[PDB]
Amino acid sequence: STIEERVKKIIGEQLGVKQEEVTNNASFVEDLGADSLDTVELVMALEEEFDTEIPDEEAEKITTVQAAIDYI
Amino acid sequence: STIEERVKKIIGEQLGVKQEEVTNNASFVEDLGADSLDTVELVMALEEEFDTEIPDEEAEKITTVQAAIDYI
Amino acid sequence: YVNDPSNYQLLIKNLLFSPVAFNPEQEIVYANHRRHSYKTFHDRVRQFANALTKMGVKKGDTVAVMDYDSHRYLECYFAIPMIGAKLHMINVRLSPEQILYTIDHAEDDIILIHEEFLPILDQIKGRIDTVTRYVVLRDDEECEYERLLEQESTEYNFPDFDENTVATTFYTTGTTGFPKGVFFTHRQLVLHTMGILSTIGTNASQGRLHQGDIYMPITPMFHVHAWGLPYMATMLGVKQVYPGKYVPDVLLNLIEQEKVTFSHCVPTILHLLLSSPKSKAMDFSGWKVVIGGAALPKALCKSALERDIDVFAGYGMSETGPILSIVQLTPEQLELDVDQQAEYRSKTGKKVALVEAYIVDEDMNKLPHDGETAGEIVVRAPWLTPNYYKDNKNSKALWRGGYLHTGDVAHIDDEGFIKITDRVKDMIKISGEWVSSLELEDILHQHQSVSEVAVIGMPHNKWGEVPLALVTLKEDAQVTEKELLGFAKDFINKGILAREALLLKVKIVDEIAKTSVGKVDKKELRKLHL
Amino acid sequence: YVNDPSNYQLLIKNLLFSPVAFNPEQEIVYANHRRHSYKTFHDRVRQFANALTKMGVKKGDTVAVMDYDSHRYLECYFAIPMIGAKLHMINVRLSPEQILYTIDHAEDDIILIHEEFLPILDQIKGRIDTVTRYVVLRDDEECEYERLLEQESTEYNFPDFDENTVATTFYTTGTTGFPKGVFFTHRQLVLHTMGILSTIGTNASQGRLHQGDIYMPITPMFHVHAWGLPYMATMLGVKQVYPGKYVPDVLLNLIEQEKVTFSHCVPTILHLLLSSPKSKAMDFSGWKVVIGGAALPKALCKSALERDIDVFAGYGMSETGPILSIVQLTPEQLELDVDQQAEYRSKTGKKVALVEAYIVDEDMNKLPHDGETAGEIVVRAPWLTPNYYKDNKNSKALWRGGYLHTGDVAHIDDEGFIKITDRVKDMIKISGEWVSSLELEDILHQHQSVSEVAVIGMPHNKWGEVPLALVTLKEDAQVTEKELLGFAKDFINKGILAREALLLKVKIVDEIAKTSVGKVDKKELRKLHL
Ligand SMILES: Nc1ncnc2c1ncn2[C@@H]1O[C@H](COP(=O)(O)O)[C@@H](O)[C@H]1O
Ligand SMILES: Nc1ncnc2c1ncn2[C@@H]1O[C@H](COP(=O)(O)O)[C@@H](O)[C@H]1O
Ligand SMILES: *C(=O)CCCCCCC/C=C\CCCCCCCC
Ligand SMILES: *C(=O)CCCCCCC/C=C\CCCCCCCC
């Protein structure tokens, strides 16, 4: 209800993209306009805000954001 | 009371300097660490916030910030 | 130029027009876009020569190309050198400031740029001042390159000049302040083609490129001449397939449809292709990838061998042609099991024909080849750049002592197998002993609470510089420096102080800076940390 | 080198050791820091030669200097060229990236840097790779330069070499993608000193530099050799005063105490000195400033004349020695009133001895000298740089048609007085007519609701590029484009369409980008706007 809402916020903050377009379906790449470094730093900021401990080993298989949102 | 307080805020915002050290006595230069361009853009931001219309012709003679604060 | 017809010059036009084999009906395939034969290719090369002459390209001009892997790049690989101009290959992975620097340094006259790189040109177009014309390349009939070629005749008489005139140039972004320009002549490229063909064509039954193969590059073709492989494939007259932009599914479809047999790529692309879900049901037992980017891992090699792929390694760099060494297996070594074969195929390899390679110390004393003693590789070959363009001090440091210093530390077997340990500038000098960082990085990466490991040095008073480890932890594992220290101590087989673990001082920094080539910037990490 | 003693070479050591006048007891003053005589100066130059030889500086090495105006810079102006090395003057006003580029391009060996520029070196120290030693200059006894000199003998035999060996080099940041390197030989510097001395020493009674003057620079001494004035002052053997960092009160105190008579500065520094409250009661009627930075205004000249200062203008640039022209007044012109004298003293001036200057069109047709026809100045002189260092195309464009193109548009009087209008790249081409931007900028600046005015061009279909004005308004004056248009129409004396005011399209943008030299970046403004 509220957790999933704010994951659409984080990845939208650093890349300057609105929350209506940026959703669970919106992946870590393409529509956001993120490179490799931008994607990994978004993955890091996910844990710098929600206090997870991402190993990038789950990030080797998630490419839809939705996977991380639900992972939380 | 309140007007003079927030002029110490503006010139402290862009240059990342606290409001206790940055006061009326603190000039546009030195202690802030501002160049020519930084100083003129601070002078502009003064009018972009308090809605004055600085001509830089008053800025040719003000070198203490206090002069502008009271000018308002 | 005085021709003296009895005096033969080694030129690239001889590679094109005096090949090993020429089949006029053999195809050149641009992925799902165009197909034409070698006759059409030879006509289009002459047309491109006519167009370049029309635009005003002389025998000393520079033409720069910003493109993908396509038939247009293959045409530029021939037409521009034969006219007498230098081909400048632009690395599209660099930052726009570095690209602008290289354009200003090389002093290009015409730029051939793909329409997808136009945003890169948008932010540096003002500060160029050398380029007079821009040619926009497209994947449809709107291409200006196609419009310029279909306005010319297919007849042209290519000149004869000295074999020592410069043919190609590109800029390497190694450990230095600014990009360094390497360059090669016609003779060097022709000799590189001949030498590598003699080395890898005469192999008995493993890893050989012959006249029945189908070649498709998976190397971006602007790096080191795509390892000189387009020249070799044109000389053999084999079917060539160009994929364009590298997408794993598109590449797998091309491998299936075109029956590709020979490729070259880097470990990351190969891992992506093997891990793609589309590749599980696709046949692979005719493919002959050569991995030469950097340090083919043993696990990826083992997986590729289990998928029945003839995968082997090779070594080179920008200054060296590039090819200096290739893994070749004697016919007793194909009877070994998958693990020992994977170990053999991951090595640097033996040096190719006409290459002299030694390992030396800082005094250049030519350490023995015993498989344990490690020193820097120094080489001599017929296809090395003589210096850096418009450079003196770095050029002098490159050819110190009469050999070309590759900046790599390796030990050479008794039978000739080279094993690269790590870079010269990554060395860890503790007191009076010399250790690498890559093996420590791998050992710490074997921990179950690390994603990426970076090991750099930290000066000390008595023991000199000491190693320091920078890693990123794993999920719900707030393992501090003490746990990583204990894990390192849990290992064996190390020298120096006990197990060389007394001043590790391991740390954990969140973000590790990565260069435009995907590698971590160790110098920047040192600057930020110390 | 074969000396051939009958064959004379024009070297800088002859400027030092064969001067017009040598007083061993004449002083060299560093502001409130040190004082010593010309004998001590000649001893310290030999000591610096000994130290440079000890550090390993050969006859082709490069020594870079990052300093203020001091006695150390005067010592470097002599000692480094006499050894045979090139002196690279670093512009400390450039951005650190540009400074790093120039250091990499020139390939310096030793860097002499003041301790106050150390933060600049902090962010570029890693990516340098050419410099082996850094010498930190200080204003106290802790200076490493002083410690290195007081460890050497005051005896040295300076070599004799070709007069065409390069002596100095510096980088100009004009309208181009990267800084351009100009360089000069010993012969060119000696000839520049001789020519300017012959031109401005032989004047009857106005604006002459003679053997009784006291010289103090107010030009940063790393730009164009400080207009060659330290060489001329050393040749005359006059008292020299160096202020260090430019502070108006310190400069005024130095002028009062040292009885300075000859100086050179830029209009901004002169305005600051004249507007300082400390200068109202200070005597000025012995001072002979020459204003040569850019475009001495008539109002500042009038105020300086009212303060009884011999103020006059001069023209030059990095590629030209620099001095090409000086304002000299015939003795009938000193009887004119203050306004006409101010008009005369603000001009570009007449060309100095051994200088050929014409105004040409884009076809190089040598327009007439009538005082109205305007074209680009092209010059020939014994002290022009022959090309840009490590550059071909810009070098070819610099010397087009056998003359050096200065990039300035001017009209020359019938009697020889040159009047520069504006730059070549700032031109406004409407249809088939040619107008400047500076006069329009001044006219719009005469409005009572503008602080700074920028006028640039905007392409159109029929009339070609049309002017556009960018200004910043004044207090409580929300005057839109219509008011500025009306104010421009209120003027007179203009050609083209009626009063050339039909497509002005004046705008008001808040912030105007300013380069590191204090000037507005017109190219960047064009990129941002169009
Ligand atoms: N087969 C290989 N194994 C390990 N390192 C390699 C291999 N091939 C290339 N490299 C590395 O890649 C570098 C090429 O650098 P560059 O000049 O940018 O092309 C070489 O110096 C090697 O250190
Ligand atoms: N007396 C002068 N009046 C007007 N412009 C000047 C004068 N002296 C120098 N300049 C300008 O300053 C420029 C020097 O540019 P630079 O190569 O950076 O030294 C010249 O090209 C002139 O356009
Ligand atoms: C990314 O394209 C890598 C380019 C930078 C590093 C150069 C790689 C080394 C070049 C060649 C490796 C040697 C293998 C040659 C293959 C010849 C056929 C067997
Ligand atoms: C800031 O130092 C200006 C440097 C950049 C532009 C060069 C200025 C032109 C140089 C000299 C002007 C001519 C006056 C020479 C004075 C000779 C004595 C009368």
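Proteins come first, then strands; the chains are lettered A, B, ... in the order of their sequence lines, and each starts at number 1.
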Do the ring planes of [X] and [Y] sit parallel (below 30°), tilted (30 to 60°) or perpendicular (above 60°)?
X      : Y      : result
C:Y30  : C:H33  : tilted
C:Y389 : C:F183 : perpendicular
C:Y231 : C:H225 : tilted
C:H114 : C:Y68  : perpendicular

* Is C:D249 salt-bridged to C:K278, going by a charged N under 4.0 Å from an acidic O? ->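 Here C:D249 does not pair with C:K278 in a salt bridge, since their nearest N and O are not under 4.0 Å apart.
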
* **Electrostatic pair C:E441-C:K522, nearest N-O below 4.0 angstrom** => yes

Take a 6.0 Å sphere around [atom1] of [X] and say whether it holds more than 12 heavy atoms from other residues, nucleotides or ligands.
X      : atom1 : result
C:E372 : CD    : no
C:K514 : NZ    : yes
A:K61  : NZ    : no
C:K259 : NZ    : no
C:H271 : NE2   : no
C:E415 : CD    : yes
C:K425 : NZ    : no
C:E332 : CD    : yes

* Asked: Is there side-chain contact between C:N91 and C:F170, with at least one heavy-atom pair below 4.5 Å?
  ->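 With C-beta onward as the side chain, the pair stays apart.
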
Using the ring centroid of each side chain, check whether [X] and [Y] are separated by less than 6.0 Å.
X      : Y      : result
C:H192 : C:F184 : no
C:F48  : C:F78  : no
C:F417 : C:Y344 : yes
C:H71  : C:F41  : no
C:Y171 : C:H88  : yes

Whether the side chain of [X] engages the backbone of [Y] through a donor-acceptor N/O pair (distance < 3.5 Å, no angle test) should be reported.
X      : Y      : value
C:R46  : C:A79  : no
C:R345 : C:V311 : yes
C:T406 : C:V378 : no

* Output, in order, the C-alpha distance, side-chain angles, deciding distance and verdict of salt bridge (charged side-chain N to carboxylate O under 4.0 Å, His left out) for C:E258 and C:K239. => CA-CA 9 Å; C:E258 306 293 315; C:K239 188 186 171 171; 3.0 Å; yes

* Just do the salt bridge (charged side-chain N to carboxylate O under 4.0 Å, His left out) check on C:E27 and C:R34 with the steps written out, would you? => CA-CA 10 Å; C:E27 270 169 344; C:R34 319 165 57 90; over 6 Å; no

* Asked: Think C:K13 forms a cation-pi with C:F158, using NZ or CZ under 6.0 Å from the six-ring centre and within 45 degrees of its axis?
  ->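 Negative - C:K13 is either too far from the ring of C:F158 or too far off its axis.
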
* Asked: Of all heavy-atom pairs between C:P19 and C:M235, which one has the smallest distance, and what is that distance?
  ->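 In terms of heavy atoms, the two residues are closest at CB-O, 3.4 Å.
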
